[PDB]
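Engineer: Could you have a look at this structure, given as structure tokens, before my questions?
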Amino acid sequence: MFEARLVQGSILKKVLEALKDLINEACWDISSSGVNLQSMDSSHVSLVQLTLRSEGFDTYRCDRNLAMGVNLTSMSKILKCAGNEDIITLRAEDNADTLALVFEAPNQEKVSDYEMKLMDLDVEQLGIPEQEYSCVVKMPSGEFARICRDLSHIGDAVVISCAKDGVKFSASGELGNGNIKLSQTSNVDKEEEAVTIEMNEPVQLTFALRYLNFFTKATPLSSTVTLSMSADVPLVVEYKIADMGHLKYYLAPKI
Amino acid sequence: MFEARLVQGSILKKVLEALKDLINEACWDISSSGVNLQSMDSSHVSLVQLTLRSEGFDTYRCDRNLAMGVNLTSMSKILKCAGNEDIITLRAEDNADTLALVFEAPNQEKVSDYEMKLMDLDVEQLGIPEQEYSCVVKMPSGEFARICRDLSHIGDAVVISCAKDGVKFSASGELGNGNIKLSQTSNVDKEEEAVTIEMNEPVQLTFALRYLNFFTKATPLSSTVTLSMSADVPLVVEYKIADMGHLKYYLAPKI
Amino acid sequence: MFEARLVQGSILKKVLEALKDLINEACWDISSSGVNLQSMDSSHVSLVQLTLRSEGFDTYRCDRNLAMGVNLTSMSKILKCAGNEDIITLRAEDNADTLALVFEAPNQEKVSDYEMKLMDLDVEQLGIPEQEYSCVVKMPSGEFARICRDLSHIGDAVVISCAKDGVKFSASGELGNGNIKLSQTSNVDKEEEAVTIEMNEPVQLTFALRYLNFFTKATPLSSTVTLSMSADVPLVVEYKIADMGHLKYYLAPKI
Ligand code: NA
Ligand code: NA
Ligand code: NA
Ligand code: NA
């Protein structure tokens, strides 16, 4: 058996909402160390990496390593049948070809069991050589989402320019152009309100806004987001999933 | 004249919202005892019965029995022009054949009058035999609505059964299957939260979820809903309209 | 240079939202005395006049008079990138063919600069003649908006009838008819509920509800609206923009 019980089930709801518009189907790699998923979008512009560590679950059992092929649209539809306060259990019997999802309402005597048909996927995994970035910007996730939404009404590409003291986002199109400058904050009450820049050298890169707007579907997972940038390599947009791991999106820059 | 004054005019707004998507037109039978309406949907799968007793109105006068043919879409449009706190009066002047609606805003100096054209309807209407049911479930209306909504995203038919400690709902379709068990418990704050099951013998029946999702448009009328079930007869879904009567929906089962 | 700083930037957001569906493109006339705009809709049934006086701005400089041709759809898209609490500055360098818009977030270290491309417009500007009105009604803007929305579900034309005691709105269509009467309030000065009538003689006029329902996009600018009416002349629907001026819509009657 594989069995993972998650008291904060809404985490899984949010994870699916953060994946299903970008990726139609993916392999969920289950092992004793937790749940991993890596997948490229169909136009091969971006890659998403999910980690949910075994220790983040309330109980966790994995007797054999699995690669479950999942239609993410189907799994999203099922997770929409869970209430936000539900305890959610994922379960797969060693030799079965389905994934079971159990939703327990904690302040109600309601229990739902869903059985999702799996699919056969040949996914070749790709190694992300780890690296050091020229600029890492940490900022409120809502602010990043608003910026990418607003600029997408101006143009389809955003130039992200980062220096010591601020980050600038600019776009250009038929109606004209726009630039948004966020300065580094000094004094904030809540760390989560900060803008923080760690800069080794300045960078200026161009990215497709449509893809950024897919990424910001993760916004409910975290109050903050980090952008990691170097010349000639993909941007990494990272959302921590507290106690569990993360969702990282990689976006190839424009030439 | 017919004249009926309802201080809680939102009741009528809710009733029309509960009817108009299922039934396009119906006869409103007005007598001294109140308002009665019975109608089949156009595919002859379901029947709806409304009762609003004279004593539930603030004032009520009916000099002669009427059968007013009403386009429910039209009446709904008119009742949408009433505020939720309005006092609503229905009137048919001594020998008119329109229905007049008057909306008085209780905390504002605004009065609206609407005159709705009636239509000629030839309805044969049906005898409801009293019967006893094998299982009668009372449960929170919002929970029933959520269940029917969720399961309709899984399949188009629901199998409803009763265990001695709960009621079960299941559905099956392209993406897989779901099963929901609502169990009884004494740990409720409010009576309206209670699941009550009166069972003479167990039942298992299948019904079209699309029709159930029309019926749950009545959810605003009551915190609770009653399901009455026997083998080989229609399901009855009943919403009490407190102090006034009820809206009952009957649904023919599938084999 | 032209430069106008507005601490209550949401005013400009609200103005564009009030204009852009009715008028696609218009000339913004800039002088030392402030900002003026006048335009007809494409079907030549209505005219809009905007005034924003220089003294309503927090700072205002205009070195030379301008006639900036603006695609309102484009300017709306840009102003939707401003937060509701933003300070908004409009700026145009004497010889440039663009309008700059700067949005400062007051409780955040975020500054946005947008440059909007202008267009060449040949607009003939119309003389508004000498006209004394038979009736002038002041009433809550939200109530006027609700009335025009509700009646547009009954018919496509409203008859507006004004007398000493009240103003009446009526419509007639396929399903029947509706009439709404608003009485003059004795105690007043609560803008959100006061109805006040100044009447030389009673009037009754007919107008196209579809245009009124464009005008009420201005509702957020003011708690109150003023309707000015005489026989055989356009209705004036006026929204005060406190500290600044007004937005006035003129609508030709149906004869
Ligand atoms: Na439970
Ligand atoms: Na009143
Ligand atoms: Na029981
Ligand atoms: Na600031």
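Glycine is treated like the rest: Cβ placed from N, Cα and C.
Copied straight from Swiss-Prot:
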type	residues	note
REGION	C:7-100	region 'Interaction with NUDT15'
MOD_RES	C:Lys14	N6-acetyllysine
DNA_BIND	C:61-80	DNA-binding region
MOD_RES	C:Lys77	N6-acetyllysine
MOD_RES	C:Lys80	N6-acetyllysine
DISULFID	C:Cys135-C:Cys162	disulfide bond
CROSSLNK	C:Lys164	ubiquitin cross-link
CROSSLNK	C:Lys164	SUMO2 cross-link
MOD_RES	C:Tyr211	phosphotyrosine
MOD_RES	C:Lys248	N6-acetyllysine
CROSSLNK	C:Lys254	SUMO2 cross-link
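I'm curious about the neighbourhood of these features; can you describe it?
Structural biologist: In the three-state DSSP scheme, C:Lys14 (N6-acetyllysine) is classed as helix.
A Cβ distance under 8 Å defines the sequence-distant neighbours of the DNA-binding region (C:61-80), meaning residues of its chain 6+ beyond its ends; these are 1-4, 12-13, 16-17, 19-20, 23-32, 54, 88, 92, 94, 99, 101, 114, 116-121.
Around the Cβ of C:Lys77 (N6-acetyllysine), the same chain contributes no residue under 8 angstroms that is 6 or more positions distant in sequence. According to DSSP, C:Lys77 (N6-acetyllysine) sits within a helical segment.
All protein chains considered, the CB of C:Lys80 (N6-acetyllysine) has 13 other CB atoms within 10 Å.
For C:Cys162 (disulfide bond), the same-chain residues lying six or more positions away in sequence with a CB closer than 8 A to its CB are C:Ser134, C:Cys135, C:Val137, C:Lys168, C:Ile197, C:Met199, C:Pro202, C:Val203, C:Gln204, C:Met229. Under the DSSP three-state reduction, C:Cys162 (disulfide bond) is assigned to strand.
C:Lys164 (ubiquitin cross-link): 11 other CB atoms within 10 A of its CB, across all protein chains.
The DSSP secondary structure for C:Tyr211 (phosphotyrosine) is helix.
Around the Cβ of C:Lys248 (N6-acetyllysine), the number of neighbouring Cβ atoms within 10 Å comes to 21. According to its DSSP assignment, C:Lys248 (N6-acetyllysine) is in a strand.
DSSP gives C:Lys254 (SUMO2 cross-link) a strand state. For C:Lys254 (SUMO2 cross-link), the count of additional Cβ atoms within 10 Å of its Cβ stands at 13 [all protein chains shown].
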Engineer: Work out how many Å separate C:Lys80 (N6-acetyllysine) and C:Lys14 (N6-acetyllysine) at their Cα atoms, rounded off.
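Structural biologist: A Cα-Cα distance of 10 Å.
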Engineer: Rounded to the nearest Å, what's the C-alpha distance separating C:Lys14 (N6-acetyllysine) and C:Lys254 (SUMO2 cross-link)? Just drop the number here, would you?
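Structural biologist: Cα-Cα distance, C:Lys14 (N6-acetyllysine) to C:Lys254 (SUMO2 cross-link): 29 Å.
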Engineer: Please report the number of other Cβ atoms within 10 Å of the Cβ of C:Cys135 (disulfide bond).
Structural biologist: 23
Engineer: Around the C-beta of C:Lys14 (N6-acetyllysine), how many further C-beta atoms are within 10 angstroms, looking at every protein chain?
Structural biologist: 22
Engineer: Could you check the recorded positions C:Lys77, C:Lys80, C:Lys254 and tell me which sit with their Cβ under 8 Å of a chain A Cβ?
Structural biologist: C:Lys77, C:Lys80
Engineer: Give me the long-range Cβ neighbours of C:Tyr211 (phosphotyrosine): same chain, 6+ apart, Cβ under 8 Å, in sequence order.
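Structural biologist: Once residues fewer than 6 apart are set aside, C:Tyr211 (phosphotyrosine) is near C:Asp41, C:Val45, C:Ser46, C:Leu251.
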Engineer: Please report how many Å separate the Cα atom of C:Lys248 (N6-acetyllysine) from that of C:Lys254 (SUMO2 cross-link), as a whole number.
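Structural biologist: Counting only the Cα atoms, the answer is 19 Å.
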